[PDB]
Amino acid sequence: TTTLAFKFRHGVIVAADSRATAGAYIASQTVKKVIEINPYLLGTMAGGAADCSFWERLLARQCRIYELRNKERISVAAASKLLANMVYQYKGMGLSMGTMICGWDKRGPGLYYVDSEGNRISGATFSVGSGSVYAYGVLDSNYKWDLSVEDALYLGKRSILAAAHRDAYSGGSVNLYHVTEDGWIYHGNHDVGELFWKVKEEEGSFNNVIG
Amino acid sequence: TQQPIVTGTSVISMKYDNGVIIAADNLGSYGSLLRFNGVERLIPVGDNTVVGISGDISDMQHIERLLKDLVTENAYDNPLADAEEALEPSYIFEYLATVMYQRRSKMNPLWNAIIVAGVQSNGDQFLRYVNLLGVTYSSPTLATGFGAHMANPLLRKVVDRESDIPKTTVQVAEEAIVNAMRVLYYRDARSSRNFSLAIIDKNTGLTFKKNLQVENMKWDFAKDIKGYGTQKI
Amino acid sequence: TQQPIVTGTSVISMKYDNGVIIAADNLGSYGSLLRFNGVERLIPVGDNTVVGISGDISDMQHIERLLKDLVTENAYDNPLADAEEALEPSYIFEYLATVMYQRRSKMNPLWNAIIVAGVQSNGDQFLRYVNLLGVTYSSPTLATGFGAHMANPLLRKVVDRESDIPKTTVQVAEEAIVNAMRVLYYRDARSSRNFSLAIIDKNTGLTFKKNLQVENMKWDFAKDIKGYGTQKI
Amino acid sequence: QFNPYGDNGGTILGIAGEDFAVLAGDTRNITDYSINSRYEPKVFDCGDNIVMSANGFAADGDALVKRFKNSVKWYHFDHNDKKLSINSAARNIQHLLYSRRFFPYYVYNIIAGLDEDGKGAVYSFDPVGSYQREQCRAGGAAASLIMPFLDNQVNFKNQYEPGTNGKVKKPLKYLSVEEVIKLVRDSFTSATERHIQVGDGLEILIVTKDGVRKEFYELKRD
Amino acid sequence: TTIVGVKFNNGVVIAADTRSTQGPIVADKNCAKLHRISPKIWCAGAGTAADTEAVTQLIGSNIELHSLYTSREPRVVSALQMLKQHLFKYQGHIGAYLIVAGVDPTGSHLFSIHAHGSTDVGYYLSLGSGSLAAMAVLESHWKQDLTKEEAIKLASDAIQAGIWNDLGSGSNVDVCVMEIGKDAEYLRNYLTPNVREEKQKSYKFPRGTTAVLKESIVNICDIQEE
Amino acid sequence: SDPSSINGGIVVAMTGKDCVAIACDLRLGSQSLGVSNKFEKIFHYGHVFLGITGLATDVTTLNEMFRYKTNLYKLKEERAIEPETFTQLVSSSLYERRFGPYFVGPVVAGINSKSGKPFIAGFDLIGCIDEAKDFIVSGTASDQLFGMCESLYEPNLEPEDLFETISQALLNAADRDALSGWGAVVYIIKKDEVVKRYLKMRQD
Amino acid sequence: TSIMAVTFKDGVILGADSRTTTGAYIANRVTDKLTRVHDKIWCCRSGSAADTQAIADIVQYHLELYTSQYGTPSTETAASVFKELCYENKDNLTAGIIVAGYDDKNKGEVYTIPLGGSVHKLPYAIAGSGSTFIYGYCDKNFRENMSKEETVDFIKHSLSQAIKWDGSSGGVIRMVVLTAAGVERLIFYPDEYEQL
Amino acid sequence: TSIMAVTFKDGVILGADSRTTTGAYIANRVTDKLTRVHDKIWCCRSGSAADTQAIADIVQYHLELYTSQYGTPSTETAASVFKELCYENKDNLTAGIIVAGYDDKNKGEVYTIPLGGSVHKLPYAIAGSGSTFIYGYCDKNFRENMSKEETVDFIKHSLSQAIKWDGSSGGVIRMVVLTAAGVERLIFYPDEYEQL
Ligand SMILES: *[C@@](C)(CO)[C@](*)(O)[C@H](CC(C)C)NC(=O)[C@H](Cc1ccccc1)NC(=O)[C@H](CC(C)C)NC(=O)[C@H](CCc1ccccc1)NC(=O)CN1CCOCC1
Ligand SMILES: *[C@@](C)(CO)[C@](*)(O)[C@H](CC(C)C)NC(=O)[C@H](Cc1ccccc1)NC(=O)[C@H](CC(C)C)NC(=O)[C@H](CCc1ccccc1)NC(=O)CN1CCOCC1
Ligand SMILES: *[C@@](C)(CO)[C@](*)(O)[C@H](CC(C)C)NC(=O)[C@H](Cc1ccccc1)NC(=O)[C@H](CC(C)C)NC(=O)[C@H](CCc1ccccc1)NC(=O)CN1CCOCC1
Ligand SMILES: *[C@@](C)(CO)[C@](*)(O)[C@H](CC(C)C)NC(=O)[C@H](Cc1ccccc1)NC(=O)[C@H](CC(C)C)NC(=O)[C@H](CCc1ccccc1)NC(=O)CN1CCOCC1
Ligand SMILES: [Cl-]
Ligand SMILES: [Cl-]
Ligand SMILES: [Mg+2]
Ligand SMILES: [Mg+2]
Ligand SMILES: [Mg+2]
Ligand SMILES: [Mg+2]
Ligand SMILES: [Mg+2]
């Protein structure tokens with residue numbers, strides 16, 4: 001996998017590839033690694049597909065009962081912490097999860113990294129997965145706070161592409177999301193095969209590759 | 001988790017036009033030691049089912065008791081225990097298969113391979129296999145252990161598919177089983193000459209044959225074999 | 001590196017006023033199996049030395065051949081081979097000790113424990129031990145294997161230190177050795193009743209006794225022992 | 001040491017049409033280099049126009065199917081004979097699988113049927129409950145042999161329109177049941193040639209609004 | 001693999017299947033497991049494929065040189081002895097399991113040979129993963145004083161048992177008959193009971209379907225004159 | 001750790017009517033990392049073509065080795081080596097390292113200059129020959145290639161038809177393998193003309 | 001150990017050596033391996049000394065309680081109680097037991113219970129490390145319906161050989177005769193049985 | 001395996017079963033384990049089939065070369081050559097061999113060579129996995145200076161029991177008689193020896 005997310009002026013961008021692997025064998029290439037917890041909350045998946053899917057779906061149900069008892073949408077911090085405490089019970093037992101809880105709440109846009117090891121970190125920029133290391137190069141070099149929605153969406157898309165190209169266990173297609181205070185907005189599924197050639201021509205990058 | 005101590009080898013079986021046949025030798029081995037020579041590994045359940053068991057003998061004796069108790073329990077408050085609500089081969093098998101899978105799921109298995117052979121109420125032939133892992137399958141011929149490697153090929157020459165079953169008589173089927181038992185005696189180092197054979201026919205019922213022996217063996221050609229290559233004397 | 005297969009148990013020995021005594025049973029064990037009942041483990045070298053060997057019997061037979069060849073080689077171009085330039089116990093021992101240490105240093109040992117017993121030219125008693133590691137030591141009493149644990153305590157009651165040697169006669173020393181061999185038969189699970197005994201005296205020379213048996217055993221008290229605690233019948 | 005798992009071989013294949021769905025699988029059961037059965041059904045009609053096949057370790061596959069069939073039975077009892085939709089079954093199966101996250105069902109699992117809009121649906125599961133709706137999916141021993149062929153012949157991957165030279169793709173035209181069954185038979189005939197655990201027979205279950213139909217074809221017995 | 005050897009009245013016959021595996025995958029559907037050591041000495045091989053070939057080519061080469069040196073037709077016992085000593089020396093690491101048969105001035109012979117260097121004599125033998133399925137047939141149908149035609153039938157029936165019942169064996173049956181006073185007849189694909197059925201569809205593509213970037217002529221010829 | 005899957009790669013060869021074709025991917029990796037998209041795995045010694053998959057150092061080494069041996073063969077024999085003869089030389093050379101083998105999966109392809117007969121062959125890492133009539137596959141996506149070739153292939157294909165068949169077999173197999181791709185090349189070989197085509201594929 | 005039990009005309013006779021070992025050291029040379037679980041139901045013990053003692057003690061408790069409620073138990077019943085313990089605790093035990101008893105109705109009966117916890121009713125039985133060496137001798141020399149004197153000689157000769165070849169067997173030969181007449185203990189010393 | 005060699009009045013007789021195994025599979029049921037290293041010096045082979053064949057072949061070569069230079073070798077000499085191979089290569093071999101031969105001077109002689117490579121001259125010898133079960137029977141029934149017919153029956157009965165109890169032993173009983181009269185091969189089939 002490659003997944004990323006970052007805070008900025010106009011909310012938070014969330015992007016991810018779609019490849020699923022079983023050794024060298026590419027089992028699927030149509031996997032949704034972004035889970036919609038509520039119209040204002042997203043969750044990313046990396047590592048154990050089954051683990052990430054189960055626990056984040058179970059979290060979405062915790063976040064919903066919260067809204068019913070409290071007449072109030074759960075905060076990003078509280079949601080991230082419920083997950084963290086849930087997976088902490090099974091620590092050392094074999095769980096493999098690398099997630100980011102992205103959303104907009106009362107404190108503005110929120111972004112937390114949560115994993116099966118026990119980490120829970122608030123931050124403006126994250127990337128988790130086998131291809132995260134490639135994505136960080138593009139993010140760190142081009143990331144501002146004063147970024148337009150159009151340019152921010154492109155950055156997250158271009159970052160996954162960088163990783164999808166180099167990392168053997170990343171690719172397929174890019175799923176984009178933009179989270180505002182009026183909720184998240186899906187910005188499509190983009191095949192890396194087609195996207196790569198397009199970006200190569202328009203941007204001039206990947207000069208080493210022939211096409 | 002354990003290891004098997006006293007063991008029973010192959011159990012072989014096949015379907016024929018009117019029923020099923022099943023056979024197994026009378027040996028209880030203790031590693032390489034052929035310890036117990038009078039062990040019955042075919043266990044009838046009523047007059048319509050025979051359970052053939054291989055593997056650990058202590059676990060076999062346990063299963064034998066579960067089956068005996070099953071008959072006792074089925075008769076309780078059951079006026080039709082010797083008629084419509086009698087035990088069927090399919091009931092007996094599913095019970096065992098349930099137990100075997102539960103025991104493997106607790107990491108404390110019954111170290112056996114079992115073949116349930118019988119004839120149902122409607123006259124249909126029943127033949128199904130189950131083992132220590134809870135794995136089940138059915139086929140026109142079934143065999144455990146070495147029999148799977150040596151007997152099945154011979155029995156599949158008689159009944160290669162489902163459509164060959166009606167064409168196969170009891171005389172032909174028994175002949176094939178008896179031949180397979182001879183071959184296993186030639187080639188299986190944990191087998192015995194003495195064996196038991198059971199036939200469950202939809203017309204003539206259950207016939208249980210004990211104290212059978214492998215006969216018509218070929219050994220005479222051994223006298224001409226000398227050395228391992230170059231030796232002449 | 002290997003493992004011992006066919007093995008010999010304890011060899012026991014002690015000094016007395018005029019010489020040395022050495023003894024060992026006639027058994028060649030094959031694990032828990034008491035395979036070979038006629039094995040001689042005391043090997044005389046001339047009329048002044050006896051080498052007692054325990055451990056691997058194939059390695060013992062090898063050493064036995066080295067010693068036989070040593071005698072042959074010493075006689076070569078040696079007019080005084082049966083006199084002044086005859087083989088001494090100290091020569092024979094140092095040779096073996098050299099071989100044992102060299103073999104362990106190549107990580108391919110002779111899997112034995114050896115006691116060389118004899119009387120020197122000047123009448124001095126010789127008694128020294130060597131094993132598969134090349135480890136050597138001398139004492140008024142010496143024993144290998146189980147004998148080290150059971151025989152030495154009994155023999156050290158007769159000769160506790162160097163000054164007790166002149167006070168110890170051949171009749172007393174032999175009596176102690178014979179008693180120790182009985183105790184080892186009671187208590188060592190890899191021992192036999194039959195044994196050989198050798199005396200090397202500075203006056204009467206080499207006396208080699210074969211086909212000795214452990215006698216005067218106590219077993220009668222066993223009849224009164226019943227159960228393991230509470231049982232009365 | 002006791003090993004609670006085993007490998008019974010077998011291969012399965014699900015393809016979703018526009019108004020139908022197929023679930024195919026070979027009928028061969030094996031341990032190591034021995035054949036247990038040449039005809040041991042692996043694909044089942046579970047009710048409510050849903051077909052299912054779980055295998056690898058036969059004993060775990062039989063148990064999962066048995067449990068899901070039971071889940072359908074109790075869904076009717078508890079919710080007024082309501083029809084269990086394919087998406088609801090998929091989610092239910094996830095929870096059956098994850099209930100043994102620390103002693104997994106050692107199986108590949110595929111279900112097929114029709115969605116609530118009447119269109120064909122195929123869902124794929126990993127041993128611990130990660131599931132995906134797909135158009136085409138093979139599972140089991142020869143999954144890696146078959147899937148690339150289906151990427152090419154069902155989704156027209158790496159196929160472009162002549163004359164344009166890589167500028168315009170082959171358009172995604174839907175497939176008929178007759179065209180799909182051809183791909184299924186060719187897939188399994190090819191897998192039988194190069195995989196030793198695949199052969200003997202091929203059983204196909206087709207699902208339409210009218211119900212569930214079966215088709216059986218022989219395969220090589222070597 | 002399944003391989004067998006059967007003696008008869010005036011000679012000996014060997015047979016083999018034609019499958020070669022790489023795990024659960026079939027690498028070759030029509031592999032040739034019957035090897036010629038000398039004109040009238042043939043061996044069938046099971047185990048590590050390269051080893052059965054290499055060891056056979058080597059001993060066959062040395063047998064040919066021996067035959068030339070001695071001005072005699074090679075003997076089966078010579079091939080047997082040379083093989084077992086070679087295999088014993090490599091202590092089983094050369095995974096060749098062979099059935100060696102042939103006719104020579106001494107008569108007809110049939111031996112088996114294992115990777116560790118042990119040999120066995122018999123009237124009927126079987127090696128490989130399907131050896132049990134094949135031996136079941138041989139033990140059921142073999143008799144003394146077989147004819148050539150009866151022996152070929154028995155041998156191919158034994159291989160078929162392996163083909164059908166053993167997953168490590170499949171495809172076709174190869175046979176080689178070595179009769180006294182005759183040329184050895186090598187019957188490649190004696191039986192062909194596993195032909196693939198016609199495919200339902202043709203997957204021939206329209207020309208221009210594949211996207212191309214560059215084209216170029218490859219110069220395979222040498223440097224030219226002028 | 002597994003030497004045969006560190007660098008990744010695939011090779012496939014097919015026969016046609018009076019023609020042969022051999023193809024390969026262009027990827028060289030260090031496990032998950034992609035290092036080069038120009039690592040061609042097909043070499044030729046005169047009119048005989050050799051594709052090699054597996055450990056890249058051994059691929060490079062064996063090419064240099066067979067170039068060495070075929071150049072000497074030619075100087076002594078006064079003629080180019082043929083595919084049947086070259087196939088035996090590859091087998092001989094691999095088995096001489098029986099107990100310290102090159103971690104490779106070679107594939108030979110060519111047309112006998114005298115008989116005009118198309119020829120392909122495959123080997124395991126220690127030298128066993130697999131002489132096939134239809135096709136040969138090798139690499140990390142060998143299972144995938146077997147599935148594509150066994151269903152797409154039909155005998156007696158014309159050069160321009162064979163090109164499409166082998167290209168689609170390679171491309172779709174590579175797209176189901178993480179360790180294969182990053183470009184592809186196809187050689188179409190006839191008795192006295194050889195065309196080489198680079199394919200356009202997804203670069204992930 | 002070397003243990004055996006043999007049925008004969010008038011009942012049954014149990015036999016055993018008297019050696020218990022810790023490696024090659026003989027921890028006790030006058031052991032009594034023939035233990036009583038009821039008046040005329042005895043057992044021969046082989047394997048772990050601790051395990052076989054613990055088992056025999058529990059069985060004696062069960063049969064004592066059985067007797068208080070239901071009267072004298074059968075030899076088959078005693079063998080079943082042994083089995084239940086040996087089978088259900090097979091993972092944690094190392095016990096090879098031979099059960100022998102005398103009824104007036106059933107007369108002499110012998111049941112052997114090896115490691116797994118299986119039960120086998122036999123005319124005679126042998127067990128222990130030393131039994132391996134006398135399978136051939138016992139099979140050739142055993143007859144049914146022997147006399148008391150013939151059966152004593154059969155056991156004496158059999159255990160003599162077992163002791164001769166097995167290092168883990170030795171000492172005295174103990175025997176227990178179970179008949180209608182009562183319970184007789186016999187003992188035979190090395191000087192007697194070694195010269196056979 | 002089950003092998004034995006027995007000296008008697010007129011010479012010596014070798015005996016063996018015919019089973020060779022690969023685990024529980026019987027790879028050959030008509031094996032000839034009685035192998036000739038010289039005209040009247042034979043051996044019984046147990047252990048690895050490959051190792052014992054390689055050894056016997058080397059010994060036959062050594063004794064053939066001995067004979068060409070120094071005339072007929074003694075049975076002791078043959079046993080020494082076996083020993084030298086088995087002892088010096090003990091780390092890499094698994095061979096249990098019994099050497100038997102007939103001289104006119106020394107008459108019948110038997111040497112056994114177990115795993116370690118030690119040599120033991122005996123009146124009779126038994127070896128192989130199946131020998132364990134007949135130590136008692138053979139010790140009780142062996143006499144010195146038996147007749148040919150008595151010795152054949154002794155071996156037949158002994159190997160019959162060994163085969164009966166050992167799964168690694170079976171098939172036919174082969175025998176080789178070594179006397180002044182010459183060399184006689186005997187064979188006994190299951191139907192004959194099982195009913196003993
Ligand atoms: C990138 C693509 C890889 O790092 C991402 O991290 C993605 C994240 C997405 C899918 C949410 N991760 C994977 O693709 C992930 C990698 C992985 C595999 C196994 C454990 C942890 C991480 N892949 C999976 O989770 C696959 C998804 C399947 C192919 C749809 N699942 C498996 O491989 C399953 C799960 C196994 C399992 C996990 C925990 C306990 C028990 C079992 N395993 C199998 O299907 C068995 N496997 C089949 C292939 O042959 C080998 C055996
Ligand atoms: C039946 C079919 C199976 O028992 C027969 O016994 C045949 C015998 C005939 C063909 C002579 N045996 C095989 O087909 C044999 C089975 C086998 C496999 C592995 C070990 C021993 C036996 N198959 C082979 O030998 C193949 C032949 C190829 C397909 C042409 N070779 C391999 O599988 C090699 C094994 C090489 C080897 C080296 C050292 C010791 C033992 C074996 N394996 C590979 O090539 C796998 N891998 C591919 C990627 O590159 C790295 C190696
Ligand atoms: C013959 C000897 C063989 O079958 C008999 O069966 C007799 C039976 C009579 C005594 C009941 N068996 C023994 O004597 C028996 C043999 C034995 C040994 C170890 C395990 C099982 C059986 N010996 C013992 O039980 C002795 C009795 C002590 C000396 C009083 N016990 C030990 O040797 C204990 C055993 C502890 C144990 C280990 C594993 C499983 C169960 C129990 N061992 C030790 O004290 C340490 N010992 C010495 C160093 O080597 C390790 C063992
Ligand atoms: C009886 C059986 C026991 O003492 C006899 O001694 C006979 C003697 C005659 C044949 C000389 N011995 C055997 O039959 C002998 C038993 C044996 C087995 C293993 C090691 C030593 C002795 N059997 C064999 O030697 C067979 C003969 C082959 C089948 C023709 N060989 C094997 O079993 C080989 C030996 C490899 C080996 C292993 C360890 C040490 C030395 C050699 N083993 C295998 O092929 C492995 N086999 C396949 C996979 O399953 C495990 C067993
Ligand atoms: Cl005790
Ligand atoms: Cl042999
Ligand atoms: Mg197949
Ligand atoms: Mg790829
Ligand atoms: Mg990638
Ligand atoms: Mg003793
Ligand atoms: Mg036997």
# chains A, B, ... in the order shown; residues from 1 in each chain; ligands from 1
>>> closest_atom_pairs(of="chain A", to="ligand 1", cutoff="8 Å", atoms="only C-alpha atoms and all ligand atoms", output="CSV")
residue,atom,partner,partner_atom_place_in_ligand_line,distance
A:1,CA,ligand 1,1 (C),2.5
A:2,CA,ligand 1,1 (C),6.3
A:17,CA,ligand 1,2 (C),7.8
A:18,CA,ligand 1,2 (C),7.2
A:19,CA,ligand 1,2 (C),4.8
A:20,CA,ligand 1,14 (O),3.5
A:21,CA,ligand 1,14 (O),4.0
A:22,CA,ligand 1,33 (O),4.3
A:23,CA,ligand 1,49 (C),6.4
A:25,CA,ligand 1,49 (C),7.5
A:26,CA,ligand 1,29 (C),7.3
A:27,CA,ligand 1,29 (C),4.9
A:28,CA,ligand 1,30 (C),6.4
A:31,CA,ligand 1,10 (C),6.7
A:32,CA,ligand 1,11 (C),7.5
A:33,CA,ligand 1,11 (C),5.4
A:45,CA,ligand 1,11 (C),4.8
A:46,CA,ligand 1,8 (C),4.0
A:47,CA,ligand 1,6 (O),3.9
A:48,CA,ligand 1,21 (C),3.9
A:49,CA,ligand 1,11 (C),3.8
A:50,CA,ligand 1,25 (O),6.1
A:51,CA,ligand 1,39 (C),7.5
A:52,CA,ligand 1,11 (C),6.6
A:53,CA,ligand 1,11 (C),7.4
A:94,CA,ligand 1,39 (C),7.5
A:95,CA,ligand 1,39 (C),7.4
A:96,CA,ligand 1,21 (C),6.1
A:129,CA,ligand 1,6 (O),5.3
A:130,CA,ligand 1,4 (O),5.1
A:131,CA,ligand 1,4 (O),7.9
A:169,CA,ligand 1,2 (C),5.0
A:170,CA,ligand 1,2 (C),5.3
A:171,CA,ligand 1,2 (C),7.7
>>> closest_atom_pairs(of="chain B", to="ligand 6", cutoff="12 Å", atoms="only C-alpha atoms and all ligand atoms", output="JSON lines")
{"residue": "B:225", "atom": "CA", "partner": "ligand 6", "partner_atom_place_in_ligand_line": "1 (Cl)", "distance": 11.6}
{"residue": "B:226", "atom": "CA", "partner": "ligand 6", "partner_atom_place_in_ligand_line": "1 (Cl)", "distance": 10.5}
{"residue": "B:227", "atom": "CA", "partner": "ligand 6", "partner_atom_place_in_ligand_line": "1 (Cl)", "distance": 7.9}
{"residue": "B:228", "atom": "CA", "partner": "ligand 6", "partner_atom_place_in_ligand_line": "1 (Cl)", "distance": 6.0}
{"residue": "B:229", "atom": "CA", "partner": "ligand 6", "partner_atom_place_in_ligand_line": "1 (Cl)", "distance": 9.6}
>>> write_last_selection(atoms="N, CA and C atoms", output="compact mmCIF listing (two decimals), in the first residue's frame")
# COMPACT_ATOMS: atom_id res chain seq x y z
N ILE B 225 15.77 -65.38 -7.61
CA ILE B 225 16.42 -64.09 -7.34
C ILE B 225 17.63 -64.30 -6.43
N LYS B 226 18.79 -63.92 -6.94
CA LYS B 226 20.05 -64.12 -6.25
C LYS B 226 20.89 -62.85 -6.31
N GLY B 227 21.37 -62.42 -5.15
CA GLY B 227 22.20 -61.23 -5.04
C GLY B 227 21.45 -59.94 -5.28
N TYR B 228 22.20 -58.88 -5.54
CA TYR B 228 21.64 -57.56 -5.81
C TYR B 228 22.16 -56.97 -7.13
N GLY B 229 22.77 -57.80 -7.98
CA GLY B 229 23.29 -57.33 -9.26
C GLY B 229 24.16 -58.33 -10.00
>>> residues_around(residues="stretch 158-162 of chain E", least_positions_apart="2", cutoff="9 Å", atoms="only C-alpha atoms", output="PyMOL selection string")
(chain B and resi 153-154+157) or (chain D and resi 222) or (chain E and resi 1-4+15-17+126+129-138+153-156+164-170+172-173)
>>> interface_residues(of="chain H", to="chain G", cutoff="9 Å", atoms="only C-alpha atoms", output="list in words")
residues 131, 132, 133, 134, 135, 136, 137, 138, 139, 140, 158, 160, 161, 162, 164, 165 and 196 of chain H
>>> write_last_selection(atoms="C-alpha atoms", output="compact mmCIF listing (two decimals), in the first residue's frame")
# COMPACT_ATOMS: atom_id res chain seq x y z
CA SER H 131 16.57 -60.11 16.23
CA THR H 132 15.47 -58.33 19.44
CA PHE H 133 12.35 -60.51 19.69
CA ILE H 134 14.25 -63.83 19.56
CA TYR H 135 17.17 -63.32 21.97
CA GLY H 136 15.28 -65.41 24.53
CA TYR H 137 14.19 -68.12 22.10
CA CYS H 138 17.62 -68.56 20.50
CA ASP H 139 19.51 -68.63 23.81
CA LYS H 140 17.18 -71.35 25.12
CA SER H 158 13.81 -68.40 15.03
CA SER H 160 9.63 -67.32 11.86
CA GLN H 161 9.13 -65.57 15.21
CA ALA H 162 11.29 -62.58 14.27
CA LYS H 164 5.95 -62.58 13.16
CA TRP H 165 6.67 -59.71 15.57
CA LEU H 196 5.12 -73.40 12.93
>>> residues_around(residues="stretch 38-42 of chain E", least_positions_apart="6", cutoff="6 Å", atoms="only C-alpha atoms", output="PyMOL selection string")
chain E and resi 101-103+184
>>> decode(residues="stretch 112-126 of chain D", atoms="N, CA and C atoms", output="PDB file, in the first residue's frame")
ATOM      1  N   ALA D 112     -21.856 -15.382  -4.978  1.00  0.00           N
ATOM      2  CA  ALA D 112     -22.380 -14.762  -6.177  1.00  0.00           C
ATOM      3  C   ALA D 112     -23.894 -14.753  -6.150  1.00  0.00           C
ATOM      4  N   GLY D 113     -24.462 -13.763  -6.821  1.00  0.00           N
ATOM      5  CA  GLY D 113     -25.902 -13.628  -6.912  1.00  0.00           C
ATOM      6  C   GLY D 113     -26.252 -12.365  -7.659  1.00  0.00           C
ATOM      7  N   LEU D 114     -27.378 -11.767  -7.290  1.00  0.00           N
ATOM      8  CA  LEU D 114     -27.839 -10.534  -7.905  1.00  0.00           C
ATOM      9  C   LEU D 114     -27.989  -9.467  -6.835  1.00  0.00           C
ATOM     10  N   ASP D 115     -27.608  -8.239  -7.170  1.00  0.00           N
ATOM     11  CA  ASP D 115     -27.781  -7.115  -6.253  1.00  0.00           C
ATOM     12  C   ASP D 115     -29.247  -6.671  -6.239  1.00  0.00           C
ATOM     13  N   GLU D 116     -29.543  -5.627  -5.472  1.00  0.00           N
ATOM     14  CA  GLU D 116     -30.922  -5.158  -5.307  1.00  0.00           C
ATOM     15  C   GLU D 116     -31.465  -4.393  -6.523  1.00  0.00           C
ATOM     16  N   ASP D 117     -30.594  -4.092  -7.485  1.00  0.00           N
ATOM     17  CA  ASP D 117     -31.001  -3.526  -8.776  1.00  0.00           C
ATOM     18  C   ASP D 117     -31.114  -4.596  -9.870  1.00  0.00           C
ATOM     19  N   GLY D 118     -30.952  -5.864  -9.494  1.00  0.00           N
ATOM     20  CA  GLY D 118     -31.087  -6.982 -10.427  1.00  0.00           C
ATOM     21  C   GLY D 118     -29.836  -7.311 -11.227  1.00  0.00           C
ATOM     22  N   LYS D 119     -28.766  -6.543 -11.023  1.00  0.00           N
ATOM     23  CA  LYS D 119     -27.507  -6.767 -11.736  1.00  0.00           C
ATOM     24  C   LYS D 119     -26.657  -7.826 -11.045  1.00  0.00           C
ATOM     25  N   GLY D 120     -25.829  -8.508 -11.832  1.00  0.00           N
ATOM     26  CA  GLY D 120     -24.985  -9.586 -11.325  1.00  0.00           C
ATOM     27  C   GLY D 120     -23.937  -9.099 -10.341  1.00  0.00           C
ATOM     28  N   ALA D 121     -23.665  -9.911  -9.323  1.00  0.00           N
ATOM     29  CA  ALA D 121     -22.724  -9.535  -8.272  1.00  0.00           C
ATOM     30  C   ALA D 121     -21.838 -10.703  -7.849  1.00  0.00           C
ATOM     31  N   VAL D 122     -20.554 -10.411  -7.667  1.00  0.00           N
ATOM     32  CA  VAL D 122     -19.582 -11.378  -7.168  1.00  0.00           C
ATOM     33  C   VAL D 122     -18.774 -10.724  -6.052  1.00  0.00           C
ATOM     34  N   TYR D 123     -18.731 -11.376  -4.893  1.00  0.00           N
ATOM     35  CA  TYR D 123     -17.951 -10.897  -3.755  1.00  0.00           C
ATOM     36  C   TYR D 123     -16.853 -11.897  -3.417  1.00  0.00           C
ATOM     37  N   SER D 124     -15.666 -11.383  -3.096  1.00  0.00           N
ATOM     38  CA  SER D 124     -14.497 -12.212  -2.790  1.00  0.00           C
ATOM     39  C   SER D 124     -14.013 -11.954  -1.370  1.00  0.00           C
ATOM     40  N   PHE D 125     -13.615 -13.015  -0.670  1.00  0.00           N
ATOM     41  CA  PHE D 125     -13.184 -12.916   0.728  1.00  0.00           C
ATOM     42  C   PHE D 125     -11.808 -13.524   0.943  1.00  0.00           C
ATOM     43  N   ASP D 126     -11.012 -12.883   1.794  1.00  0.00           N
ATOM     44  CA  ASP D 126      -9.766 -13.477   2.262  1.00  0.00           C
ATOM     45  C   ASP D 126     -10.090 -14.270   3.537  1.00  0.00           C
TER      46      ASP D 126
END
